[PDB]
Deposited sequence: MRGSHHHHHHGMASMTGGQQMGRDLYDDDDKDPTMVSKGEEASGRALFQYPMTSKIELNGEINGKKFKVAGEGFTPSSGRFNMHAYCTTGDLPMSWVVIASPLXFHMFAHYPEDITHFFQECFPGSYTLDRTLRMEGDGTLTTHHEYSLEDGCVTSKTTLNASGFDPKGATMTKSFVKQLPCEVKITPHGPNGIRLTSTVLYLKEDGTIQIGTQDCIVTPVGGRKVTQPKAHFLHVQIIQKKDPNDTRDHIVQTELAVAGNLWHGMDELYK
C-alpha cells in the first residue's frame, strides 16, 4: 500500500510547531480532521501563552498531502509515502520581514503528524505581522514545478488583508524533498488552488485558531510544463 492508497478518508492530523520571531520563542500544538479529499482542518493553539504573531501569517505554516488531485496529475506529496518528505518554506512579508519553516511528516493510524520549526528575524515591530492587524489571506494559486532530480517547488504571491481593508503582499516559495531513499516520479507543472479560512472556537480558553483549508490541483495553464525540464 503506497501513494494514494494510503490516503483513504477520513483521516486526522497533529502538529507540533516550535517557533521564534524577533527573539520571542513560542510553541503551537494542534489536532485536525480531514473529512474528504481536499478539505482539511486544524484546531491549533499556542501552549506557551499568547501567540506573538498573526495567526493569519502562521496559517500557511499550519499539509499538502491532503490536497485533492485529479487522477491524471501525479500527487507527489502522497506518492512520497511510504518514506515521507520534508518541506522547506520561505515567506517574505514585503516591507515587513521574512520567515522560514521546516516541516517533517509521519503517517500512522490514519493520522499525519507535522513537526515544524519556524524562524523569523527582523520583523517590523509595528508591522501587521507583529501587531496582529491581519484579518485573512485571500485565496491563491500555487505554481508547482519539478525541481532537481527528485524534488518539487511551490511558489505563490499572497494578498494579506489588514483590518483597514488594504493589502500587504507575501511572497512564498517551498521546496519539497522526498526523504524515503527512493525516486518519486515528478508531476508535470501544474497549479493548486488554496483557500484558507479561520475562525475561533466558541469556548476555548487558549490563544488558538480553527482553520480550514481547501486545496485543489488543476492543470490551469497547459503550456507551463513545456518550460520545466
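Enquirer: Since the structure holds only modelled residues, which stretches of the deposited sequence does it leave out?
Expert: Comparing the full sequence with the modelled residues, the uncovered ranges come out as 1-41, 104.
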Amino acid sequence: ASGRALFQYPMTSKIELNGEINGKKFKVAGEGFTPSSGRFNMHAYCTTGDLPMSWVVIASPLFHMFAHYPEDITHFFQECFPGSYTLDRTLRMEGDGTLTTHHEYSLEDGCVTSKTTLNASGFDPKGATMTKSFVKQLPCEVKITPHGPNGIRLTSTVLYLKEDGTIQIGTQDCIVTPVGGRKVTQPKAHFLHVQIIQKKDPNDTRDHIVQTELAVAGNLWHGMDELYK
From here on, numbers count along this sequence of modelled residues.
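Enquirer: Decide which of the stretches 71-79 and 153-161 has the higher mean C-alpha B-factor, going by the entry.
Expert: Comparing 153-161 with 71-79, the higher mean C-alpha B-factor belongs to 71-79.
Enquirer: Would you mind comparing 30-38 and 179-187 for me and telling me which has the higher average C-alpha temperature factor in the entry?
Expert: According to the PDB entry, the answer is 179-187.
Enquirer: Per the coordinate record, which of the options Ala128, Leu138, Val112, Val142 holds the highest CA temperature factor?
Expert: Highest C-alpha B-factor among the listed options: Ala128.
Enquirer: For the listed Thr166, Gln195, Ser60, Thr171, which has the peak Cα B-factor recorded in the PDB entry?
Expert: It is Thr166.
Enquirer: Test of reading the entry: by CA B factor among the chain's modelled residues, which third contains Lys132?
Expert: According to the entry, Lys132 has a C-alpha B-factor in the chain's highest third.
Enquirer: Which third of the chain holds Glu16 when residues are ordered by C-alpha B factor: lowest, middle or highest?
Expert: CA B-factor rank for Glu16: middle third.
Enquirer: For the chain shown, is the CA B-factor of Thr212 in the lowest, middle or highest third of its modelled residues?
Expert: According to the entry, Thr212 has a C-alpha B-factor in the chain's lowest third.
Enquirer: Lowest, middle or highest third: where is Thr116 by Cα B-factor in its chain?
Expert: Middle third by C-alpha B-factor.
Enquirer: Within this chain's modelled residues, let me know which third the CA B factor of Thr100 belongs to: lowest, middle or highest.
Expert: Middle third of the chain for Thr100's C-alpha B-factor.
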